Amino acid sequence: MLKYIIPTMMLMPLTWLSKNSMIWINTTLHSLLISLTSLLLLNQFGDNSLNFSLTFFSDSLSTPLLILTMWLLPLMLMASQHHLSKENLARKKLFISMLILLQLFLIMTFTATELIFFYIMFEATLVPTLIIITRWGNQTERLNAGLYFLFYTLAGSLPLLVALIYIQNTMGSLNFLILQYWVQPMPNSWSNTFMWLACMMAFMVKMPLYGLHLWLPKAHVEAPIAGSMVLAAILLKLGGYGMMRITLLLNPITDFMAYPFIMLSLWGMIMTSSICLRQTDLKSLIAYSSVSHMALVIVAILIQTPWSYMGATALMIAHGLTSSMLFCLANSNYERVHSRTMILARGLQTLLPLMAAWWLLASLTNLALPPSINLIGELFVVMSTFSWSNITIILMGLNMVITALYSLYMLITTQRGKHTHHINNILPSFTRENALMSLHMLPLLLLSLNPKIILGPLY
Amino acid sequence: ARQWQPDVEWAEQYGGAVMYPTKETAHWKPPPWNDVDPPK
Amino acid sequence: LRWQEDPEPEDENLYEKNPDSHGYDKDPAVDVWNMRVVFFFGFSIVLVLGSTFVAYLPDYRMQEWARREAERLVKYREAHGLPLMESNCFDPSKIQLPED
Amino acid sequence: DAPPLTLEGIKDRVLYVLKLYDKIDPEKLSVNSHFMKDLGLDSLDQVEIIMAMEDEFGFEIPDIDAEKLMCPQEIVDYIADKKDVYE
Amino acid sequence: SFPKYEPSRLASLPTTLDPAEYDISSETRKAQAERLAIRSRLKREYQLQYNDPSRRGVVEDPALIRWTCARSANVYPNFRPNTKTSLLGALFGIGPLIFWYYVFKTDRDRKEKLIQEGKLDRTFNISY
Amino acid sequence: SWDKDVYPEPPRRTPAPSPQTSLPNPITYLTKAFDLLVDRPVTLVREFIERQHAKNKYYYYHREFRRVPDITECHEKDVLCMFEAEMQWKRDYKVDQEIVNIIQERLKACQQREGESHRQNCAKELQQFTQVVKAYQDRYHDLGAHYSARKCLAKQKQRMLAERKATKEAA
Amino acid sequence: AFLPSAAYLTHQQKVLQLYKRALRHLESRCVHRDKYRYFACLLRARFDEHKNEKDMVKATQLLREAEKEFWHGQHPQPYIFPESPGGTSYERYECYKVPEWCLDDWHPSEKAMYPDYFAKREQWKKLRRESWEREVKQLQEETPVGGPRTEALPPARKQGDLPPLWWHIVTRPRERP
Ligand SMILES: CCCCCCCCCCCCCCCCCC(=O)OC[C@H](COP(=O)([O-])OC[C@H](O)COP(=O)([O-])OC[C@H](COC(=O)CCCCCCCCCCCCCCCCC)OC(=O)CCCCCCCCCCCCCCCCC)OC(=O)CCCCCCCCCCCCCCCCC
Ligand SMILES: CCCCCCCCCCCCCCCCCC(=O)OC[C@H](COP(=O)([O-])OCC[N+](C)(C)C)OC(=O)CCCCCCCCCCCCCCCCC
Ligand SMILES: CCCCCCCCCCCCCCCCCC(=O)OC[C@H](COP(=O)([O-])OCC[N+](C)(C)C)OC(=O)CCCCCCCCCCCCCCCCC
């Protein structure tokens with residue numbers, strides 16, 4: 001994995017030795033080359049993971065997250081170069097450096113063979129993200145957004161450090177390859193109960209769990225667009241990746257300890273989706289939709305059946321692409337009306353027809369339209385939770401009603417109806433913006449032709 | 001439409017002798033700038 | 001007049017000083033070359049050659065092999081009277097049970 | 001479908017309806033004939049005239065606009081302004 | 001004589017059936033005149049900006065910004081924990097969680113007892 | 001082509017055309033037109049492509065995995081042997097999955113090719129399907145998403161304890 | 001209670017609006033034109049029975065029980081004109097009513113496709129921006145203290161001035177673009 005870490009590192013001289021006008025072009029070009037190179041991680045086998053070294057490996061779980069991670073960086077650089085056009089050159093290079101450093105931490109968060117190196121990169125992803133949100137955010141509440149984002153995360157993860165060092169001292173190694181073969185059954189005790197909670201609550205925070213989700217609608221709406229894209233697309237999926245690694249060790253206690261965290265998810269995806277029926281802010285609606293979609297991934301990991309893991313990893317990749325596109329579309333309106341209010345600018349299919357087609361496709365992939373990988377992940381989670389308990393289909397099916405009822409409402413409020421009369425700075429769609437929407441949607445649609453590369457280690 | 005940066009109302013929250021003024025910590029004026037007091 | 005301040009600037013339009021703008025930069029040559037870079041290394045290189053790469057993956061996670069091997073093994077045990085699958089994954093002779 | 005209206009056509013149809021009304025004599029009617037002062041009608045008759053205009057041209061005049069149309073020329077100008085005639 | 005119209009929460013009383021409409025008193029007419037004056041003043045303040053050729057952008061509506069700040073940014077500072085909000089927050093927050101907990105727990109205890117007794121038809125179930 | 005024994009088909013018995021009416025049916029003329037207009041140019045193009053295949057003939061092989069020791073003869077917490085046992089078990093798991101898929105293809109193809117008398121004429125495929133699904137369920141079901149050869153051996157030992165207890169209590 | 005120019009509906013306006021609602025709901029009740037014309041003359045006779053009632057309290061009482069009569073005798077599906085609100089063709093064409101400022105966002109290649117139209121548009125925009133300050137100083141010298149009382153705009157009082165706040169009334173979209 002050292003053929004991906006060193007090009008990402010070499011993007012630091014590439015953004016700091018460039019001309020004052022070429023720093024977006026060079027970083028976009030070479031990060032697109034790194035994203036093209038990311039497809040060599042598809043050397044996956046039906047029995048063995050792709051094990052590079054003592055430090056780095058990549059199974060079929062980490063590989064789609066890595067391809068999505070290395071693909072998201074040129075897209076964040078395309079989204080972020082408009083609102084940072086008046087920016088100082090040094091601060092512009094600092095923003096590009098924080099995105100590069102965040103990519104560098106993510107691509108060896110997902111490949112960390114050993115779990116405390118996973119912890120160090122997993123908690124190292126805070127600091128560039130914190131700096132991006134609290135420095136290049138727009139409003140007053142970006143500082144409170146950074147405080148909530150930092151102190152839910154570290155409150156969840158500082159027990160995780162102690163739990164991982166306990167596993168290091170007890171088992172002898174936090175190598176995930178050794179812990180596949182030295183895993184012992186975790187019995188029923190209070191020590192093992194708080195062992196389970198210390199292993200899980202960090203990822204429950206970063207997914208987010210319902211009830212712990214309160215950092216997210218502050219951290220998504222107060223971030224800039226590259227921050228919103230990286231929290232939606234990747235930084236929620238650190239929790240899912242970490243759960244799918246750490247629930248190996250947490251058996252058979254999970255089979256009676258996951259009950260409060262499934263209910264909180266199965267009712268919470270009803271609540272947050274319901275919140276999306278009444279959100280006046282468009283970016284907050286996309287944030288609460290992200291909570292609603294990651295609650296299904298929480299249920300699918302906690303029931304730990306194979307169909308559930310396959311649906312959860314397909315749902316993570318699909319939701320990453322879809323929610324990143326939704327934040328980019330909301331940014332496309334915010335760069336024209338300079339307010340995130342969803343009822344402000346209406347009727348925008350008369351004014352931006354092709355951008356309304358991109359809104360339509362992103363709204364259809366939000367509501368899980370088949371055969372998209374959104375519906376593949378949604379459907380497989382619903383199948384495995386029907387296997388879990390037959391009554392859950394109620395809480396599933398009702399959610400699939402409400403997920404439609406805000407996916408099209410967002411389509412009808414922003415793009416349909418009579419347009420706002422007193423708004424006249426509605427420019428035609430830039431080629432940068434349509435390129436950004438197409439680079440989100442066209443991989444999301446091509447992955448319907450071959451979904452087997454985004455279905456985890458147990459396809 | 002531009003980026004919010006703090007004003008005088010935000011920045012004067014950090015100018016007191018303490019950060020969270022209570023009833024006891026209310027008469028505390030901030031210390032002098034060169035830390036040199038009048039000889040009284 | 002509290003906290004002396006630059007007035008907030010007007011929203012600048014990239015189409016006014018450049019009606020052929022692609023939205024990348026206020027310099028039109030930089031704008032057109034950033035458009036060409038994004039479209040060539042985004043669509044002509046990652047999407048097209050990436051879809052061609054994923055379409056021709058060398059038997060991704062051995063799922064073709066596992067069919068073909070199965071087409072051997074069924075053909076081995078249809079002909080020899082054996083059942084197509086045993087309920088035991090391992091040989092019951094090589095397992096010591098705890099006595100009771 | 002829907003042939004375009006002209007000012008002369010709207011004026012001829014408005015006067016054509018008002019000549020088919022048994023309280024307005026057709027020999028006295030003009031485009032500037034006020035209904036209450038120059039024709040001696042009632043406000044109920046004016047409501048019925050605006051309803052005949054609505055049945056004639058197939059669209060509703062709201063009451064706040066209907067109670068201000070007191071001659072055939074005001075009716076023709078209202079239907080002109082709404083149907084956007086003489087493009 | 002006639003069945004009196006009973007207005008409801010989602011079927012309001014008409015304007016033409018309200019007895020407070022047919023009062024022509026000057027103290028209720030001054031209120032209507034003052035409301036019309038406020039509406040005319042806000043209308044003029046709007047369309048002196050809406051018809052400006054120099055303006056190219058969004059006419060800022062302080063009522064819309066004020067509405068969004070009331071709906072989002074001014075909910076917790078106007079909260080007081082009392083008997084009403086506590087008996088609503090517990091009955092709506094942990095209530096359905098306890099309900100679905102006992103529902104899914106009873107269902108899975110029933111299904112687990114049927115499976116480990118062999119009394120559940122699980123013949124062709126090999127996808128899970 | 002494929003192997004006719006692992007994918008069995010009964011011999012096709014089509015009836016001879018016995019036309020009673022004097023009206024010529026359109027289907028014979030459309031079959032002649034499909035043979036003259038479609039089947040012959042596609043056949044010529046495929047013969048050209050087949051000659052171009054025959055000008056350079058090369059081969060691919062079926063990968064043979066030799067049988068390493070399984071998990072029962074691996075020492076506890078000895079990763080160099082139980083790694084090989086686990087990889088062997090995962091490959092055999094994929095193969096057993098595809099055996100179940102082959103028998104499902106047999107069952108569905110029998111149901112379609114028999115049509116309306118499929119409930120009588122597909123009892124053998126239904127019996128083979130029931131056998132292989134019972135074997136797959138006793139072998140790999142309820143293991144979980146972190147399935148391993150240790151989990152499968154523990155399930156087998158639990159089932160064999162149940163079998164031995166049922167043998168003891170009924171003797 | 002709600003009008004753009006006045007702050008209230010008069011008694012005469014309430015009686016006339018009840019008369020028109022009663023005739024339209026009667027035409028919705030009784031479909032054929034001869035039978036409608038019979039019952040419409042009967043309804044006109046019922047309104048002309050109490051036309052010269054000088055007592056305003058008695059006339060308001062008659063209006064109130066006539067509203068009760070109407071509300072009992074209305075139609076569940078009244079006839080609505082198609083472009084009238086509630087009709088089937090109402091606000092149908094609003095997705096084709098593109099505002100005129102979008103013509104400022106066109107490319108010069110697609111502005112050159114209509115040379116005379118944009119050359120004639122620029123004199124409308126010149127007329128607007130050379131009349132704007134005159135009509136603003138017309139409004140601010142005519143509006144009394146405390147802002148305007150009513151929503152009525154004054155006309156142009158001079159020769160050469162345009163009426164104040166005229167652009168989005170004149171340059172509004174057509175009904176059928
Ligand atoms: C590996 C090679 C693969 C090759 C094949 C490609 C495979 C899929 C790739 C993506 C395909 C869709 C892309 C086009 C849509 C986005 C752009 C757009 O706005 O188009 C309008 C525009 C035409 O409009 P216009 O008149 O010019 O102006 C636009 C209007 O102003 C405004 O626009 P509008 O209002 O007129 O249009 C809105 C309308 C809205 O219509 C709809 O939304 C209705 C259609 C969707 C719902 C119903 C169908 C559901 C699915 C059933 C069909 C699939 C399965 C069928 C198979 C059998 C059954 C299983 O959109 C469409 O009709 C788009 C048609 C395609 C829709 C696909 C489904 C998207 C819905 C959301 C997800 C659904 C599940 C996933 C499906 C995945 C399929 C693979 O299209 C273009 O200009 C096309 C440009 C080139 C597109 C290239 C696409 C492929 C790129 C991949 C590059 C790398 C690989 C190389 C292959 C290249 C192939 C050429
Ligand atoms: C996000 C907000 C909520 C955060 C919740 C975080 C998880 C909740 C539980 C965390 C417990 C603390 C870490 C436990 C690590 C367990 C390691 C282990 O093996 O322990 C076995 C050991 C048992 O000891 P032992 O295993 O060494 O003993 C030898 C073995 N026997 C038992 C046979 C003798 O457990 C403990 O010593 C104590 C475990 C419980 C700890 C209680 C104190 C912490 C209480 C909860 C704090 C939660 C966060 C607070 C912050 C909130 C926000 C400000
Ligand atoms: C991956 C995780 C991160 C996500 C983001 C990724 C970003 C980086 C992007 C990298 C490049 C893209 C990666 C994904 C590539 C997916 C494509 C791919 O590989 O496909 C393989 C699949 C492979 O199919 P296959 O697997 O069956 O083929 C067998 C394999 N070979 C080829 C070796 C024999 O490609 C196809 O299926 C192509 C089929 C032909 C082309 C499409 C035909 C259908 C078009 C429409 C027909 C009419 C339908 C109805 C239409 C009605 C109107 C809508």
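Preceding this paragraph is the structure being described.
Engineer: Help me out: how do you make sense of the packing of helix 3 (residues 62-80) of chain A against helix 4 (residues 89-107) of chain A in this one?
Structural biologist: Packed helices, taken two at a time, are described by their axes: the angle between them and the distance between them. Residue and element names in this part refer to chain A. The contact between helix 3 and helix 4 brings their axes to 10 Å, and the two run at 170 degrees. By the criterion of interaxial angle, the relationship of helix 3 to helix 4 is roughly antiparallel. On helix 4, the residues that touch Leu66, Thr69, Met70, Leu73, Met76, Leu77 and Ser80 of helix 3 are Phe95, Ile96, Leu99, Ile100, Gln103, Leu106 and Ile107. By residue class, the composition of the contact of helix 3 with helix 4 is eleven nonpolar, three polar and no charged.

Engineer: Any chance you could explain the packing of aromatic side chains here in plain terms?
Structural biologist: How two aromatic rings sit relative to each other is set out by the distance from centre to centre and by the angle between their planes. In this structure the tally under the stated criterion is 42 aromatic pairs over all chains. Where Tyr38 of chain G meets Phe39 of chain G, the ring centres are 5.3 Å apart and the plane angle is 85 degrees; that geometry is what we call edge-to-face. With relative accessibility at 36%, the residue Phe39 of chain G sits in the partly exposed group. Geometrically, the ring pair formed by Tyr117 of chain G and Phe118 of chain G is edge-to-face, given 5.5 Å between the ring centres and 85 degrees between the ring planes. In this structure an aromatic cluster arises from ring pairing among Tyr259 and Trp388 of chain A together with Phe99, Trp100, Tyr101, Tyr102 and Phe104 of chain E. Taking NZ or CZ as reference, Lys283 of chain A lies 5.5 Å from the ring centre of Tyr334 of chain A, over its face. Of note, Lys77 of chain F hangs over the ring of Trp182 of chain A, and the distance from its end group to the ring centre comes to 3.2 Å.

Engineer: Just to check I follow, could you spell out the state of the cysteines for this structure?
Structural biologist: Here a disulfide denotes a covalent bond joining the sulfur atom of one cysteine to the sulfur atom of another. All names here are of chain F. In the structure shown here, the tally under the stated rule is one disulfide over all chains. Note on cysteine connectivity: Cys110 is disulfide-linked to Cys122, with sulfurs 2.0 Å apart. Taking the torsion about the S-S bond as the criterion, the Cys110 to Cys122 disulfide, at about -100 degrees, is left-handed. Residue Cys110 is found in helix 2 (residues 79-114), and its partner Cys122 is found in the loop between helix 3 (118-121) and helix 4 (123-140); the two are separated by twelve residues along the sequence. Residue class for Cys110 comes out buried when judged on its relative accessible area of 5%. By relative accessible area, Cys122 is classed as buried at 6%.

Engineer: Where do I start with the site of ligand 1 in this structure?
Structural biologist: As a structural note, the neighbourhood of ligand 1 is formed by 20 residues, with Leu354, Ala357, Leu369, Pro370 and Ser372 of chain A the closest of them. Residues near ligand 1 are shared among chains A and C, making this a multi-chain site. The fraction of the free accessible surface of ligand 1 (1800 Å²) that becomes covered by protein chains is 40%. The set of elements that each furnish at least two residues to the shell around ligand 1 consists of helix 17 (353-366) and helix 20 (431-446) of chain A together with helix 1 (28-55) of chain C. With eight residues, helix 17 of chain A is the largest single contributor of residues to the shell around ligand 1. Here the residues of the shell around ligand 1 are counted per class, giving 16 nonpolar, four polar and no charged.

Engineer: Hey, could you run me through the nonpolar core in this one?
Structural biologist: Nonpolar side chains tend toward joint burial in soluble globular proteins. Core analysis: the largest hydrophobic core is formed by 245 residues, its most contacted members being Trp196 of chain A together with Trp89 of chain F. With 25 residues, the next largest nonpolar core counts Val14, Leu41, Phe59 and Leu69 of chain D among its residues.

Engineer: Looking at this model, I keep getting lost on the pattern of salt bridges. Mind explaining?
Structural biologist: Side-chain pairs of opposite charge can arise whenever the charged atoms involved come near each other. Applying the stated rule across the entire model yields 55 salt bridges over all chains. Between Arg106 of chain F and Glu78 of chain C there is a salt bridge whose closest N-O contact spans 3.4 Å. Of the two residues, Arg106 of chain F sits in helix 2 while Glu78 of chain C sits in helix 2 (residues 63-79), which places them in two different chains. Accessibility expressed as a relative area gives 8% for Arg106 of chain F, which makes it buried. For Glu54 of chain D, the salt bridge is made with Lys20 of chain G, and the minimal N-O distance between the two is 2.5 Å. With one member in each of two chains, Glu54 of chain D in helix 2 (residues 43-57) and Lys20 of chain G in helix 1 (residues 11-29) form a pair that bridges those chains. When sorted by exposure, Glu54 of chain D lands in the same class as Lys20 of chain G, which is buried. Salt bridges sharing common partners tie together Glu54, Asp55 and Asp63 of chain D together with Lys20, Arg24, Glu27 and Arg33 of chain G.

Rules behind the numbers
- The numbering scheme counts residues from 1 along every chain following its written sequence, independent of the entry's numbering, with residues that lack coordinates not shown.
- Written order decides the labels, with chains lettered from A and ligands numbered from 1.
- Here we see some chains out of a larger assembly; the values all refer to those chains and nothing more.
- Hydrogen atoms and water are omitted, and side-chain values are computed over all heavy atoms in the structure.
- Every axis corresponds to a line fitted to the C-alpha atoms, with the helix fit spanning only the stretch in contact, and the corresponding angles, defined between N-to-C directions, vary from 0 to 180 degrees.
- Put simply, DSSP H or I for four residues or longer makes a helix, DSSP E for two residues or longer makes a strand, and each gets a number counted from the N terminus.
- For classification, angles of less than 35 degrees are called roughly parallel, those exceeding 145 degrees roughly antiparallel, those between 65 and 115 degrees roughly perpendicular, and all remaining angles oblique.
- Note on contacts: a residue pair qualifies if any of its non-hydrogen atoms lie within 4.5 Å across the two residues.
- When residues are grouped by polarity, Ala, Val, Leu, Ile, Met, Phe, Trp, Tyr, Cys and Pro land in nonpolar, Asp, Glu, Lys and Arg in charged, and all others, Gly among them, in polar.
- Any two rings among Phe, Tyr and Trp, with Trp reduced to its six-membered ring, count as a pair given centres within 6.5 Å; such a pair is stacked if its planes are under 30 degrees apart, edge-to-face if over 60, and tilted if neither.
- Under the scheme applied here, a residue whose accessible area is under 20% of the maximum for its type counts as buried, over 50% as exposed, and between as partly exposed, the area being computed with a 1.4 Å probe on protein chains only.
- The rule for a charge over a ring is simple: NZ of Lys or CZ of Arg within 6 Å of the ring centre, and within 35 degrees of the ring normal.
- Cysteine sulfur pairs qualify as disulfides if the two atoms are within 2.5 Å.
- Near is defined per residue: the residue qualifies when any heavy atom it owns lies within 4 Å of the molecule or strand.
- Only the protein chains shown count as covering a residue, and every accessible area follows the Shrake-Rupley method with a 1.4 Å probe.
- Take the buried residues of types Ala, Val, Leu, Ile, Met, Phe, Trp, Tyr and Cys, join any two whose side-chain atoms come within 4.5 Å, and each joined set is a nonpolar core.
- Salt bridge, as used here, is a side-chain nitrogen of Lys or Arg placed within 4 Å of a carboxyl oxygen of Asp or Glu.

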